[PDB]
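Here's the structure, in structure tokens; my notes come after.
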Amino acid sequence: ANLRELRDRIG
Amino acid sequence: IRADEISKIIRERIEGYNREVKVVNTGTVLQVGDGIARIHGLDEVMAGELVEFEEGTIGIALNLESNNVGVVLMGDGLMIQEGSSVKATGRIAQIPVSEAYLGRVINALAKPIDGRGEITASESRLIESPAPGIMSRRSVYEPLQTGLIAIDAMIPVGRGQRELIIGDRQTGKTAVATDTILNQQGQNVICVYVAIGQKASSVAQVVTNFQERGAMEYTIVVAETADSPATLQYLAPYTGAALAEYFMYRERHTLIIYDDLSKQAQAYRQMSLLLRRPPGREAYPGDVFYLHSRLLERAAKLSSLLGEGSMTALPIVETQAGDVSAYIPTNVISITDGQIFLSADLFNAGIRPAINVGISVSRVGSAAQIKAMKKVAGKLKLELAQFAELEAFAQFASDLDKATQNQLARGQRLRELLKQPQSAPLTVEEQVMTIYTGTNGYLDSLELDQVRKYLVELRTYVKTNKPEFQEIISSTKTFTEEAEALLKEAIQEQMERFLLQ
Amino acid sequence: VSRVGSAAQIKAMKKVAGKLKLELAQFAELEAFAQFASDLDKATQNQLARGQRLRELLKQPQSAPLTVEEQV
Amino acid sequence: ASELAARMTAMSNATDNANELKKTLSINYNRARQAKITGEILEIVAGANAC
Amino acid sequence: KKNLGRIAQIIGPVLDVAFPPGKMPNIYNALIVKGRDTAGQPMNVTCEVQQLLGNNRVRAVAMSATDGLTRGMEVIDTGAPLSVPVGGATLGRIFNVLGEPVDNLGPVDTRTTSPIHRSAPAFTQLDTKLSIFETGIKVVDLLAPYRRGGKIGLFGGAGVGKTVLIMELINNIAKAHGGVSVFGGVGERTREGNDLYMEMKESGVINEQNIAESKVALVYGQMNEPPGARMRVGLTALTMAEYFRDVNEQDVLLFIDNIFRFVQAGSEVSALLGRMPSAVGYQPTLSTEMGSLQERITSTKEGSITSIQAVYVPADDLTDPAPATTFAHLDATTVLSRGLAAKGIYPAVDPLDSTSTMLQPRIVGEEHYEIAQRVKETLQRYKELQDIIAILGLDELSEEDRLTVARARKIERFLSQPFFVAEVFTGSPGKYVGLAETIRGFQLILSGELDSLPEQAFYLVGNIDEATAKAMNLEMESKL
Amino acid sequence: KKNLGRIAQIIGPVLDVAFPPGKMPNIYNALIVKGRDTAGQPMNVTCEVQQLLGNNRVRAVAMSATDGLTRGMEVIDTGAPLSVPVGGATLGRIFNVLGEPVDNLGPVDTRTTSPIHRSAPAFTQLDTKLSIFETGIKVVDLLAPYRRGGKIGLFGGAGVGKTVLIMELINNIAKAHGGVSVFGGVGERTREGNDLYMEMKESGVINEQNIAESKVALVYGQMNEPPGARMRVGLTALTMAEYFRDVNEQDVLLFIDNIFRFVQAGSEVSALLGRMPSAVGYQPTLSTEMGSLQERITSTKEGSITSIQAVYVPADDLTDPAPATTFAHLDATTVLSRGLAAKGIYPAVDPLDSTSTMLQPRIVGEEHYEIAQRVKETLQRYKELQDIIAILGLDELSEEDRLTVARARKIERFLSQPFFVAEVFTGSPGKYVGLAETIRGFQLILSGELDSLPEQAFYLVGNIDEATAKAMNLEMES
Ligand SMILES: Nc1ncnc2c1ncn2[C@@H]1O[C@H](COP(=O)(O)OP(=O)(O)OP(=O)(O)O)[C@@H](O)[C@H]1O
Ligand SMILES: Nc1ncnc2c1ncn2[C@@H]1O[C@H](COP(=O)(O)OP(=O)(O)OP(=O)(O)O)[C@@H](O)[C@H]1O
Ligand SMILES: Nc1ncnc2c1ncn2[C@@H]1O[C@H](COP(=O)(O)OP(=O)(O)O)[C@@H](O)[C@H]1O
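Here the protein sequences line up with chains A, B, C, D, E and F, keeping their order. Residue 42 is where the first sequence starts when you use the deposited numbering, and the numbers rise one by one after that. Residue 4 is where the second sequence starts when you use the deposited numbering, and the numbers rise one by one after that. Residue 364 is where the third sequence starts when you use the deposited numbering, and the numbers rise one by one after that. Residue 313 is where the fourth sequence starts when you use the deposited numbering, and the numbers rise one by one after that. Residue 17 is where the fifth sequence starts when you use the deposited numbering, and the numbers rise one by one after that. Residue 17 is where the sixth sequence starts when you use the deposited numbering, and the numbers rise one by one after that.
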């Protein structure tokens with residue numbers, strides 16, 4: 042779930 | 004390339020080869036690793052049978068391979084020289100258990116480590132005994148006064164519940180568990196504090212605070228150092244569970260605290276890797292989930308037919324960097340009756356203890372409380388989650404309704420009244436009157452920091468004035484209209500006395 | 364994106380496709396100025412409105428095929 | 313006019329801050345994805361080597 | 017049968033048995049160890065074979081405790097898979113994978129039986145029944161219409177309301193259903209199974225006054241069991257349902273909780289069998305095992321099977337391969353989120369990521385589909401605008417945009433119903449909402465004529481009428 | 017006569033020794049392998065017995081350079097485990113991993129030796145006095161006070177002030193505490209091991225005339241040695257302090273730098289010994305490896321050991337497995353951040369991520385602990401606001417928020433303190449500060465008696481009067 046929240050914070 | 008071929012076993016086997024004989028009586032020592040030894044022979048031992056080495060060290064025969072036995076060592080095996088002999092004691096890892104262990108620091112060898120004397124305990128029990136089934140269980144319907152008002156009210160642990168106390172570094176987990184133990188001094192329960200892989204000075208600290216605070220008569224501190232081998236750390240919570248399982252089978256109410264359960268998990272990973280077994284996610288074996296399951300599934304309440312002596316667990320898991328993605332915390336969250344999360348970003352922010360109410364889960368709910376606290380704390384956790392989730396949005400807006408702002412003031416008083424100090428627990432009547440004066444808007448007319456200074460003096464007010472409140476709450480076990488009228492008179496008079504002060 | 368490109372678009376299709384992708388790129392760059400179209404320039408306001416018209420033209424129901432006549 | 317000008321300056325500074333923050337979050341995200349892929353391949357080849 | 021096998025190597029749950037050179041058992045047969053406990057009485061540890069190891073040796077799987085077995089014990093083949101009692105006999109008894117009644121009651125009718133291992137039906141014998149049936153939960157009714165006889169999986173984390181939702185769903189469906197149910201516990205809390213046992217004994221669906229009149233068969237392979245037990249309890253429950261649909265030929269309900277524990281038991285035993293590990297440590301036979309268990313839950317022209325199964329997601333990351341395969345075998349999914357679970361909305365079924373196959377104009381009607389996709393539109397708009405208002409604020413938007421903000425912040429409250437069994441966690445009386453009520457209430461919320469109510473007055477109400485009553489109550493308590 | 021045996025394998029730092037079938041050495045038995053050099057017989061290469069492989073052979077990590085050690089050479093077992101000399105001769109001398117003087121002085125008394133693999137002291141021997149100990153650092157005096165006899169870890173990445181801070185702690189404390197202080201050099205540059213020696217020579221702690229009363233022992237297994245040496249210098253210094261405690265009864269300071277290299281040595285040797293790969297790259301025997309050091313460093317009824325140590329966190333990652341196992345083996349944590357050092361705050365101790373077991377009202381009183389908790393609360397308010405501060409700035413809050421924002425912005429500079437070692441680096445001489453004025457200065461910052469002046473006075477000063485004088489001095493020269 043780390044990469045998901047990372048990508049979503051980037052967006 | 005293959006063990007059990009060391010050119011001395013080969014001559015021993017070639018000297019007689021008109022035979023199909025077995026050597027079930029004895030066994031030989033081929034290898035000794037860094038605490039794990041390979042045994043040749045032992046053709047009648049069980050999977051888990053204790054094996055006695057030549058020097059007089061005991062081990063368990065976990066990996067029963069074809070021609071050879073891989074035995075883990077229940078001690079530091081500096082003395083096991085290869086080519087020596089072993090035996091088989093026929094008993095499968097049994098410990099003595101009786102009502103005489105009360106109040107002492109106990110090794111995982113079920114032998115004292117404080118020198119107060121050799122303990123007497125006749126009847127012995129497996130170190131790993133299976134969990135009770137479903138016919139031997141009944142639903143959880145008892146209170147468990149934790150002493151901490153937040154956990155008692157909102158996230159209520161009950162007798163039979165197995166509540167996880169999860170968190171991070173220095174967040175107050177061991178402190179919370181020790182308060183849960185120390186509060187019990189009038190409920191006649193038998194607590195056990197099994198400290199796995201904790202620092203020895205800290206074990207001495209908590210045991211001397213136990214022996215000074217008064218709850219040594221209840222408790223047993225099943226603790227070892229860090230330099231016990233991985234077998235001892237992996238086995239210690241099973242010893243604690245065995246003692247508590249004996250006691251709940253003796254229909255006495257128990258409460259056990261594993262501390263921690265990441266240390267036992269990595270200490271199982273140690274012997275799993277040193278036995279050349281495959282690694283799963285983050286090098287743990289995949290069966291660590293089943294390990295924690297077959298440990299934790301024992302704690303419950305017994306049925307009417309088996310004495311109803313409950314068994315309460317309180318596992319503790321620390322999460323590095325504050326996550327749930329790690330394998331061991333995810334496992335233990337899945338197994339328990341919900342979790343109790345603690346955050347450092349709340350702990351350093353004046354909220355001590357730092358129970359994040361928004362993500363802390365109690366799966367038994369208000370069925371583990373008396374009808375008084377069940378009445379006043381009907382939906383207080385949920386309305387507190389609502390107050391938090393609207394206070395978060397109230398930072399992205401400029402001007403609000405006065406209605407929402409009054410609701411914010413009442414919710415702030417609600418969040419403020421539950422800050423209980425460590426080594427300073429409450430009682431059920433204190434909690435019910437405090438939370439009643441809280442949720443009924445009866446604090447929204449005063450200052451934020453004024454709430455606790457108000458409420459401790461109100462608690463002492465009802466303490467010195469009305470034993471009728473005590474007896475109505477403690478005899479009938481409900482918050483009724485007579486006690487409510489008494490409490491409303493208390494609110495009015497204390498507000499008068501503060502307006503004077 | 365398609366790397367074959369306009370080679371499999373018919374002559375009736377390519378001209379309207381080029382104008383449509385022109386206006387749809389100019390709509391995708393002026394997207395964030397959605398509620399600011401009241402404060403935008405009049406021409407860019409027409410661009411945003413027409414791009415919204417094109418995007419809502421782009422919808423269709425599931426499994427309702429449209430021949431090249433209907434598409435053009 | 314002055315409040316719209318000051319707000320324009322504030323928006324420009326916020327866009328520059330968001331630029332730099334986006335660049336740093338992209339760097340850290342690439343690093344996290346790489347370390348995750350490496351951890352996966354490491355544990356896979358370790359579990360395979362074991363058998 | 018009539019042979020003798022020698023235990024040769026016991027690495028925990030896995031067993032190496034040697035047989036005479038001619039007679040060798042087939043794969044997925046059922047050994048039975050004539051072992052003994054610590055008291056020496058002849059006790060059985062039933063055993064399933066998985067693989068011919070070669071050199072007249074095989075590798076097996078132990079269905080029960082391994083602590084107490086020695087190298088040099090004996091074992092006897094049955095020549096067949098692990099047969100389980102079937103029919104009206106297995107109705108109202110706790111069941112294990114070994115076909116043993118676990119509750120303290122007498123023996124069972126042993127003559128009606130069937131093996132575990134079988135395959136999917138004929139593809140030309142599949143029922144294309146797509147009829148909707150009413151559940152009661154507002155989110156479960158409107159945004160995710162459930163296929164009768166279709167499979168349903170409740171993707172969630174640990175402690176967000178999977179078990180509560182499935183228990184209330186049993187509570188609401190099994191009493192008004194028209195067929196015999198079967199519940200299975202696969203790797204879950206034992207005391208919670210006891211709570212289900214007591215709560216369904218008292219609620220009469222066990223009707224324990226007379227046996228064989230119960231409409232549920234309870235199977236339990238929960239957490240404290242060796243990986244063979246959790247590896248085959250799901251198969252046993254499915255085979256009971258397959259008898260009840262193949263000979264009694266009627267609709268059934270089959271709740272397989274928790275299917276992730278089945279997959280995890282498979283991985284724990286597969287890493288030890290010498291399998292080269294797949295993605296993060298699951299077995300390589302992941303998708304084929306998941307299908308081979310899933311695909312025999314199906315409808316047919318003899319009787320459909322409705323299957324609401326609880327499926328677990330580790331760390332709330334839906335990328336992980338066990339949910340990544342379980343999404344590929346489900347009809348109408350339901351994804352309980354941690355966001356709504358921490359926010360306070362119970363049930364925490366996320367309206368957005370949940371998506372079914374039944375919600376079509378030609379399957380449910382046009383206006384239901386239209387108002388549902390408009391609700392999804394408004395919520396997608398709000399979760400789009402969230403990251404903007406995070407730093408922007410509440411006073412730099414439009415009347416359309418702030419209007420949709422307040423409307424969606426009413427909607428996310430309105431989709432929360434206080435369940436029957438949620439009374440211990442909420443403190444609210446029993447509510448069961450109708451589908452017409454939900455669609456009418458969402459037209460009342462969406463069409464703008466409710467933009468003057470208190471915004472917190474939408475939380476945990478059954479009817480939109482009760483939301484108006486909450487508005488009246490809150491304004492009366494504020495104004496006194 | 018001692019049982020001789022011939023080696024069979026060598027794979028870098030791992031030696032496989034065979035023995036006659038009757039006699040095989042016990043665990044950790046030293047194995048004096050003879051070898052062959054250009055200059056006679058070197059003989060200094062030594063091995064510690066780790067495992068017993070069967071068929072009359074073992075496996076033993078070489079404690080020195082393994083080159084030259086040709087296959088098929090006789091190895092004489094000692095019979096006793098690895099044992100260093102200890103006692104009065106060690107005081108004022110630089111020793112090897114094997115208990116051997118390397119500082120070019122006299123060969124010490126080989127009479128009072130002791131084995132390094134002695135077990136952990138028994139749990140019943142614990143004394144439970146909890147004494148505060150101010151040392152002269154604002155974040156150490158205030159935030160996480162130190163405990164006389166406990167283990168106080170220091171954490172930190174690459175060059176974030178670990179060695180500087182521990183040299184400053186030595187410079188302050190060593191002349192005050194009248195006990196022997198055995199610095200240990202485990203896994204760092206030889207420059208530091210030489211510079212500490214030169215400072216103790218010129219200062220007068222190690223003086224050649226009257227070297228017996230030097231009250232310091234040393235050991236230096238620096239970054240030039242094979243992994244066996246880097247793996248055993250920890251236990252060398254541990255027994256060299258354990259004997260002083262157990263017999264001379266002195267309170268003893270212990271310093272190690274840096275024990276993550278001691279853990280990394282085991283991680284580097286476990287892959288060569290054939291043991292399986294554990295968590296991400298480490299060894300499976302990890303927590304017991306850390307315990308084998310830390311648990312023998314508990315104060316007993318006989319004497320006391322206080323063990324400051326730098327625990328390097330790799331790749332600036334704080335939840336690496338080895339620091340993860342290190343964190344529970346301490347009494348106080350002090351993580352040295354990269355952000356605060358990058359912005360120039362020196363020392364860069366992370367305030368709200370550093371905690372001690374002694375920050376409690378029953379120990380440090382109500383005044384100290386109350387003020388410290390309020391300071392940490394303000395700092396955590398700053399940390400929570402840091403997102404919106406970074407993306408946007410300052411004006412968009414209410415002034416009640418900017419009260420704490422400005423207060424924390426002054427505190428984060430008042431936690432800095434000039435060092436008696438870093439006085440040669442920046443240019444401000446070292447300033448020892450006590451707790452009795454630290455608390456008063458922090459109270460004055462919280463209240464608002466010195467708040468209205470700009471924050472840049474508070475940076476890199478000592479007492480609050482130094483802050484007032486610096487504020488007046490900046491308001492003097494335009
Ligand atoms: N309500 C409170 N008020 C003030 N201090 C508190 C409160 N509750 C706990 N603390 C403090 O928090 C400190 C940390 O507690 P504790 O050692 O249990 O954390 P922990 O993370 O469990 O530690 P470990 O990781 O060693 O188990 C305790 O020393 C205690 O004094
Ligand atoms: N208080 C300080 N003031 C100014 N600079 C400092 C200070 N502390 C550390 N530094 C900088 O850090 C460098 C040295 O850091 P130090 O050697 O203490 O930690 P380290 O390099 O991590 O230790 P090791 O090399 O043992 O791991 C110096 O060059 C200095 O420039
Ligand atoms: N619909 C609901 N109403 C009230 N509380 C709920 C609801 N769903 C979940 N909860 C909360 O979540 C917990 C139950 O979750 P449960 O279903 O047992 O876990 P899981 O979802 O992992 O199976 C309880 O503590 C309860 O307070």
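Built from N, CA and C at the ideal position, the CB exists for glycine as well.
Delimiting residues of the beta strand (DSSP E) encompassing residue i
i	result
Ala134 of chain B	Neither: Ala134 of chain B is in no beta strand (DSSP E) and is coded neither H nor E.
Residue i CB to nearest heavy atom of ligand 1 below 7 Å
i	result
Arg172 of chain B	yes
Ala340 of chain E	no
Own chain, CB closer than 6 Å to residue i, minus 5 neighbours either side, in chain order
i	result
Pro282 of chain B	none
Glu284 of chain E	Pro243
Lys176 of chain B	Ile168, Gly170, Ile319
N- and C-terminal bounds of the alpha helix (DSSP H) containing residue i
i	result
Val91 of chain F	Counting along the chain, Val91 of chain F falls outside any alpha helix (DSSP H), though it belongs to the beta strand (DSSP E) covering 90-97.
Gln402 of chain E	382-405
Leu212 of chain E	206-218
Neighbourhood of residue i by C-beta, 8 Å cutoff - its chain only, sequence neighbours within 5 removed
i	result
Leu289 of chain F	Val30, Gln66, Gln67, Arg75, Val77
Contact test: residue i Cβ vs ligand 3 heavy atom, cutoff 7 Å
i	result
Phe441 of chain E	yes
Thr206 of chain E	no
Beta-carbon proximity list for residue i, same chain, < 7 Å, skipping 5 on both sides
i	result
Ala91 of chain B	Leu45, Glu47, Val48, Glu52, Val54
Any non-hydrogen atom of ligand 2 closer than 7 Å to residue i Cβ
i	result
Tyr293 of chain B	no
Give, in chain order, every residue of the segment 393-427 of chain E whose Cβ lies closer than 9 Å to some Cβ of chain B.
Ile405, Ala406, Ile407, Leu408, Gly409, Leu410, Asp411, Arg425
At a CB distance below 7 Å, what residues from the segment 408-433 of chain C approach chain E? Give them in sequence order.
none
Against chain A, which members of the segment 342-354 of chain D pass a CB distance test of less than 7 Å?
Under the 7 Å Cβ criterion, the segment 342-354 of chain D contributes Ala344, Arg345, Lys348.
Do three or more CB pairs link the segment 228-237 of chain B to the segment 44-51 of chain A at distances below 8 Å?
no
Quick one: which residues of the segment 334-352 of chain B get their C-beta closer than 7 Å to a C-beta of chain F? List them in chain order.
Within the segment 334-352 of chain B, the residues whose Cβ lies closer than 7 Å to some Cβ of chain F are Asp348, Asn351, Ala352, listed in chain order.
Name, going along the chain, the residues of the segment 163-193 of chain B whose beta-carbon falls closer than 9 Å to a beta-carbon of chain F.
Only those residues of the segment 163-193 of chain B whose C-beta falls short of 9 Å from the nearest C-beta of chain F are listed: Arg172, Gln173.
Does the segment 368-382 of chain B touch the segment 398-410 of chain B, meaning 3 or more C-beta pairs lie closer than 8 Å?
no
Given 8 Å, three or more beta-carbon pairs between the segment 326-343 of chain E and the segment 173-186 of chain E
yes
Any C-beta of chain F within less than 7 Å: which residues of the segment 434-457 of chain B qualify?
Answer set for the segment 434-457 of chain B: empty.
For the segment 148-165 of chain F and the segment 369-380 of chain F, state whether three or more C-beta atom pairs, one from each stretch, are separated by less than 8 Å.
Flag = yes, the segment 148-165 of chain F and the segment 369-380 of chain F touch.
Is it a yes or a no for the segment 333-341 of chain B touching the segment 155-166 of chain B, going by three-plus beta-carbon pairs under 8 Å?
Taking 8 Å as the limit for Cβ pairs, the verdict is that the segment 155-166 of chain B does touch the segment 333-341 of chain B.
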